[PDB]
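Next comes coords32.cif, a file with mmCIF, C-alpha atoms.
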data_final
#
loop_
_atom_site.label_atom_id
_atom_site.label_comp_id
_atom_site.auth_asym_id
_atom_site.auth_seq_id
_atom_site.Cartn_x
_atom_site.Cartn_y
_atom_site.Cartn_z
CA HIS M 1 -46.80 -52.01 27.97
CA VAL M 2 -49.38 -49.54 26.68
CA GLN M 3 -48.73 -45.99 27.91
CA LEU M 4 -51.23 -43.14 27.61
CA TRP M 5 -49.97 -39.54 27.65
CA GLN M 6 -52.39 -36.62 27.79
CA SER M 7 -52.14 -32.89 27.10
CA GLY M 8 -51.34 -30.12 29.55
CA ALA M 9 -53.79 -28.59 31.99
CA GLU M 10 -56.07 -25.93 30.49
CA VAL M 11 -57.86 -22.97 32.07
CA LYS M 12 -60.99 -22.04 30.12
CA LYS M 13 -64.06 -19.84 30.61
CA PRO M 14 -67.78 -20.70 30.63
CA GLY M 15 -69.02 -21.25 27.09
CA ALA M 16 -65.60 -22.20 25.71
CA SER M 17 -64.40 -25.54 24.33
CA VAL M 18 -61.46 -27.69 25.46
CA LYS M 19 -59.79 -30.39 23.36
CA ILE M 20 -57.71 -32.86 25.39
CA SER M 21 -55.37 -35.10 23.42
CA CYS M 22 -54.35 -38.60 24.48
CA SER M 23 -51.24 -40.14 22.93
CA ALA M 24 -51.25 -43.95 23.06
CA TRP M 25 -48.27 -46.09 22.07
CA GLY M 26 -47.11 -49.67 22.57
CA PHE M 27 -50.25 -51.57 21.58
CA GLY M 28 -48.75 -53.77 18.86
CA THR M 29 -49.41 -54.58 15.23
CA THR M 30 -51.05 -58.03 15.16
CA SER M 31 -54.84 -58.14 14.91
CA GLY M 32 -56.41 -58.10 18.35
CA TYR M 33 -53.30 -56.38 19.76
CA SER M 34 -53.57 -53.15 17.73
CA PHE M 35 -54.94 -49.70 18.52
CA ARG M 36 -57.86 -50.35 16.13
CA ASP M 37 -59.34 -52.87 18.59
CA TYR M 38 -59.12 -51.33 22.09
CA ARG M 39 -61.60 -48.59 23.00
CA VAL M 40 -60.38 -45.39 24.64
CA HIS M 41 -62.81 -44.48 27.42
CA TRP M 42 -62.87 -40.94 28.81
CA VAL M 43 -63.43 -40.74 32.57
CA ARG M 44 -64.02 -37.50 34.48
CA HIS M 45 -62.98 -37.21 38.14
CA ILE M 46 -64.75 -34.30 39.83
CA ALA M 47 -63.20 -33.60 43.23
CA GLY M 48 -65.77 -34.74 45.81
CA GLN M 49 -68.28 -36.50 43.53
CA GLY M 50 -66.03 -39.42 42.58
CA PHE M 51 -65.24 -40.67 39.10
CA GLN M 52 -67.65 -40.24 36.19
CA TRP M 53 -67.80 -41.99 32.82
CA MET M 54 -68.15 -39.68 29.82
CA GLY M 55 -67.80 -41.95 26.78
CA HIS M 56 -65.63 -44.36 24.86
CA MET M 57 -64.24 -44.28 21.32
CA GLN M 58 -63.39 -47.43 19.37
CA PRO M 59 -60.41 -46.48 17.16
CA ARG M 60 -61.09 -48.81 14.21
CA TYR M 61 -63.89 -46.80 12.59
CA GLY M 62 -64.12 -44.03 15.19
CA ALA M 63 -67.38 -45.39 16.58
CA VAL M 64 -68.06 -43.24 19.65
CA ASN M 65 -70.60 -43.68 22.43
CA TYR M 66 -71.20 -40.73 24.75
CA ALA M 67 -72.90 -40.68 28.13
CA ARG M 68 -76.44 -39.32 28.35
CA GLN M 69 -75.53 -36.23 30.38
CA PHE M 70 -73.03 -35.09 27.71
CA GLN M 71 -74.84 -35.84 24.43
CA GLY M 72 -74.70 -32.93 22.00
CA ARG M 73 -71.65 -31.27 23.59
CA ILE M 74 -68.86 -33.90 23.49
CA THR M 75 -67.01 -35.18 20.41
CA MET M 76 -64.26 -37.80 20.17
CA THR M 77 -61.86 -38.23 17.24
CA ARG M 78 -58.86 -40.47 16.59
CA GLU M 79 -55.51 -40.26 14.80
CA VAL M 80 -54.63 -43.97 14.55
CA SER M 81 -51.14 -44.33 13.10
CA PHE M 82 -49.88 -46.41 10.18
CA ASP M 83 -48.56 -49.44 12.08
CA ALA M 84 -51.71 -49.36 14.29
CA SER M 85 -49.51 -49.93 17.35
CA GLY M 86 -50.12 -46.34 18.47
CA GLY M 87 -52.36 -43.34 17.94
CA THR M 88 -53.90 -40.23 19.44
CA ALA M 89 -57.35 -39.81 20.99
CA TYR M 90 -59.10 -36.44 21.24
CA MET M 91 -62.14 -35.25 23.19
CA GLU M 92 -63.86 -31.89 22.71
CA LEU M 93 -66.30 -30.53 25.30
CA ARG M 94 -67.90 -27.60 23.51
CA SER M 95 -70.21 -26.26 26.27
CA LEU M 96 -67.85 -25.87 29.22
CA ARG M 97 -69.52 -24.76 32.46
CA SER M 98 -68.34 -24.01 35.98
CA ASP M 99 -69.30 -27.54 37.09
CA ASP M 100 -67.12 -29.18 34.41
CA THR M 101 -63.86 -28.41 36.24
CA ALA M 102 -62.17 -31.74 37.01
CA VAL M 103 -59.32 -34.03 35.99
CA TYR M 104 -60.04 -35.88 32.73
CA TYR M 105 -58.53 -39.35 32.20
CA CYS M 106 -58.27 -41.35 28.99
CA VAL M 107 -58.12 -45.09 29.64
CA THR M 108 -57.77 -48.33 27.68
CA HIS M 109 -58.42 -51.98 28.61
CA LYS M 110 -55.10 -53.79 28.02
CA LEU M 111 -53.90 -55.22 31.33
CA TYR M 112 -51.14 -57.52 30.11
CA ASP M 113 -48.38 -57.52 27.51
CA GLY M 114 -49.50 -60.80 25.94
CA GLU M 115 -53.29 -61.07 26.29
CA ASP M 116 -56.04 -60.26 23.78
CA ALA M 117 -58.41 -58.09 25.83
CA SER M 118 -60.31 -56.72 22.82
CA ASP M 119 -63.72 -57.99 23.97
CA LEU M 120 -63.20 -57.05 27.66
CA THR M 121 -63.46 -53.27 27.44
CA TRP M 122 -64.00 -52.44 31.13
CA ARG M 123 -60.66 -53.48 32.69
CA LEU M 124 -59.34 -49.91 32.75
CA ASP M 125 -55.65 -50.38 33.53
CA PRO M 126 -53.81 -47.79 31.36
CA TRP M 127 -54.99 -44.53 32.88
CA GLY M 128 -53.59 -41.29 31.53
CA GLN M 129 -51.78 -38.72 33.62
CA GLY M 130 -54.88 -36.54 33.89
CA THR M 131 -55.65 -33.14 32.34
CA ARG M 132 -56.87 -30.73 35.02
CA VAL M 133 -59.41 -28.57 33.19
CA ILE M 134 -60.40 -25.47 35.19
CA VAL M 135 -63.49 -23.62 33.95
CA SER M 136 -64.03 -20.35 35.81
CA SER M 137 -64.40 -16.63 35.20
CA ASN E 1 -37.81 -126.42 10.78
CA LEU E 2 -38.11 -122.63 10.49
CA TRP E 3 -40.89 -120.38 9.22
CA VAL E 4 -40.99 -116.67 8.42
CA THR E 5 -42.35 -114.50 11.24
CA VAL E 6 -43.05 -110.84 10.42
CA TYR E 7 -42.67 -108.36 13.28
CA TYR E 8 -44.20 -104.88 13.23
CA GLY E 9 -42.59 -102.07 15.20
CA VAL E 10 -39.02 -103.39 15.38
CA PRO E 11 -36.44 -100.80 16.56
CA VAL E 12 -34.83 -100.54 13.13
CA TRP E 13 -33.86 -97.32 11.34
CA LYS E 14 -32.09 -96.45 8.10
CA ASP E 15 -30.26 -93.29 7.03
CA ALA E 16 -32.56 -91.03 5.02
CA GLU E 17 -33.55 -87.43 4.39
CA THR E 18 -36.94 -85.87 5.10
CA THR E 19 -38.77 -82.58 5.61
CA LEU E 20 -38.03 -81.24 9.10
CA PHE E 21 -40.75 -78.87 10.31
CA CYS E 22 -40.33 -76.24 13.03
CA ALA E 23 -41.38 -76.07 16.68
CA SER E 24 -40.72 -73.28 19.17
CA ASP E 25 -41.65 -72.13 22.65
CA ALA E 26 -44.68 -69.87 22.98
CA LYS E 27 -42.87 -67.72 25.55
CA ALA E 28 -39.82 -67.31 23.29
CA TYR E 29 -41.65 -64.85 21.02
CA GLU E 30 -43.61 -61.88 22.36
CA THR E 31 -46.76 -62.91 20.39
CA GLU E 32 -47.20 -59.19 19.64
CA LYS E 33 -44.25 -58.42 17.34
CA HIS E 34 -43.44 -60.28 14.13
CA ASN E 35 -40.15 -62.02 13.39
CA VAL E 36 -38.10 -62.40 10.22
CA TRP E 37 -37.90 -66.09 11.15
CA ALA E 38 -41.61 -66.86 11.46
CA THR E 39 -42.13 -68.35 14.94
CA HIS E 40 -45.93 -68.09 15.13
CA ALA E 41 -46.31 -70.51 12.21
CA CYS E 42 -44.15 -73.09 14.02
CA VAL E 43 -46.13 -75.71 15.93
CA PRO E 44 -45.98 -75.23 19.73
CA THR E 45 -43.31 -77.51 21.15
CA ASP E 46 -43.99 -79.79 24.09
CA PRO E 47 -43.15 -78.22 27.48
CA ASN E 48 -41.24 -81.36 28.50
CA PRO E 49 -38.89 -82.67 25.78
CA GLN E 50 -39.02 -86.45 25.34
CA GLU E 51 -35.39 -87.58 25.03
CA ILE E 52 -34.89 -91.35 25.12
CA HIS E 53 -31.45 -92.85 25.72
CA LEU E 54 -30.44 -95.86 23.63
#

Turn this file's structure into structure tokens for me.
Amino acid sequence: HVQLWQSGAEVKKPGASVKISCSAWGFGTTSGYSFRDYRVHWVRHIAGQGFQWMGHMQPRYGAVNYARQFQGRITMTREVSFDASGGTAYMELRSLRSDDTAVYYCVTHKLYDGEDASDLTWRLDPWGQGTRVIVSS
Amino acid sequence: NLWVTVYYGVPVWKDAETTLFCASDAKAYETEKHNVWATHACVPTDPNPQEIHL
């Protein structure tokens, strides 16, 4: 039972930078069931425009892959733990604008407590609570 | 007259010792967390045990 816990809601200003954490725990230790195998996507939900995909971070080597609209202004880092059954995922959006106000979700792709879903990265079951970032003056 | 007839596969056993390997249910262990008594290395046991009455 992988659970993802995010940080609190933040109120920023245009031109600022927000760093949302994402604590993940319960992955497991065995290879294929560890945090160093399951990517942590970052999905933005703007009210009215539906969900939007921002990028995913693979926690083994930190290999990130950002969406085209956000290249140059988004950075993802990891804090994978010792046992590799947990960790923390960060995302920094350094060029916040008025249109970036939304609820940001960190998600993984582990549906079941006993299945190796390492190579199926788009079954986004473990959604985070959601960090409501408000960017306004 | 009588002549020797060898039979293969007679139901005959003798008391002896041997190396007894391990088998365990797949569902018994979580398959995610290790055990001090290694269960993953045990061969997967048959879902239906084959017990024969004599």

> So how many Å separate CA of residue 116 (chain M) and CA of residue 27 (chain E), to one decimal?
Replying inline: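 About the pair CA of residue 116 (chain M) and CA of residue 27 (chain E): they are 15.2 Å apart.
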
> CA of residue 85 (chain M) and CA of residue 29 (chain E), how far apart in Å?
Replying inline: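 Computing the Euclidean distance for CA of residue 29 (chain E) and CA of residue 85 (chain M) yields 17.3 Å.
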
>> Residues within 9 Å of residue 26 (chain E), please, as a count of residues only. Count only C-alpha atoms; anything in the same chain fewer than 2 positions from it doesn't count.
In response: 9

>> Translate the PyMOL selection byres ((chain M) within 7 of (chain E)) into a concrete residue list for this structure, as a PyMOL selection string.
In response: chain M and resi 28-30+33+114

> CA of residue 20 (chain E) to CA of residue 36 (chain E): how many Å, to one decimal?
Replying inline: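 Straight-line distance from CA of residue 20 (chain E) to CA of residue 36 (chain E) works out to 18.9 Å.
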
Report as a PDB file with C-alpha atoms, in the frame of the given file the full result of the PyMOL selection byres ((chain M and resi 95) around 8) when it is applied to this structure.
ATOM      1  CA  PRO M  14     -67.780 -20.700  30.630  1.00  0.00           C
ATOM      2  CA  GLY M  15     -69.020 -21.250  27.090  1.00  0.00           C
ATOM      3  CA  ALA M  16     -65.600 -22.200  25.710  1.00  0.00           C
ATOM      4  CA  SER M  17     -64.400 -25.540  24.330  1.00  0.00           C
ATOM      5  CA  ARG M  73     -71.650 -31.270  23.590  1.00  0.00           C
ATOM      6  CA  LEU M  93     -66.300 -30.530  25.300  1.00  0.00           C
ATOM      7  CA  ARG M  94     -67.900 -27.600  23.510  1.00  0.00           C
ATOM      8  CA  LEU M  96     -67.850 -25.870  29.220  1.00  0.00           C
ATOM      9  CA  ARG M  97     -69.520 -24.760  32.460  1.00  0.00           C
TER      10      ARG M  97
END

> With all atoms listed in the file as the basis for distance, which of E:8, E:13, E:21, E:3 is at the shortest distance from residue 43 (chain E)?
Replying inline: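 Ranked by minimum distance to residue 43 (chain E), first place goes to E:21.
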
> Can you list, as a ChimeraX atom specification, the residues that the PyMOL selection byres ((chain M and resi 127) around 8) selects here?
Replying inline: /M:4,105-108,124-126,128-129

Filtering to C-alpha atoms, could you give me those residues as a PDB file, keeping the file's coordinate frame?
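Writing done, so here's again.pdb:
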ATOM      1  CA  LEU M   4     -51.230 -43.140  27.610  1.00  0.00           C
ATOM      2  CA  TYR M 105     -58.530 -39.350  32.200  1.00  0.00           C
ATOM      3  CA  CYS M 106     -58.270 -41.350  28.990  1.00  0.00           C
ATOM      4  CA  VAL M 107     -58.120 -45.090  29.640  1.00  0.00           C
ATOM      5  CA  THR M 108     -57.770 -48.330  27.680  1.00  0.00           C
ATOM      6  CA  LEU M 124     -59.340 -49.910  32.750  1.00  0.00           C
ATOM      7  CA  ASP M 125     -55.650 -50.380  33.530  1.00  0.00           C
ATOM      8  CA  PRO M 126     -53.810 -47.790  31.360  1.00  0.00           C
ATOM      9  CA  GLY M 128     -53.590 -41.290  31.530  1.00  0.00           C
ATOM     10  CA  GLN M 129     -51.780 -38.720  33.620  1.00  0.00           C
TER      11      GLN M 129
END

>> What's around region 78-83 of chain M at 12 Å? Count only C-alpha atoms, leave out sequence neighbours fewer than 6 positions away in its own chain, and write the answer as a count of residues only.
In response: 34

Enclose all atoms of region 13-24 of chain M listed in the file in an axis-aligned box, grow every side by 3 Å, and hand back centre and edge lengths in Å to one decimal, as AutoDock Vina command-line options.
--center_x -60.1 --center_y -31.9 --center_z 26.8 --size_x 23.8 --size_y 30.1 --size_z 13.7

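Residues lying within 6 Å of residue 104 (chain M), counting all atoms listed in the file and ignoring same-chain neighbours fewer than 4 positions away, are residues 43, 44, 130 and 131 of chain M.
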
> Quick one: of M:109, M:7, M:18, M:88, who's nearest to residue 134 (chain M), counting only C-alpha atoms?
Replying inline: M:18

>> Nearest residue to residue 68 (chain M) out of M:53, M:5, M:122, M:42, using all atoms listed in the file?
In response: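 Closest residue, counting all atoms listed in the file: M:53.
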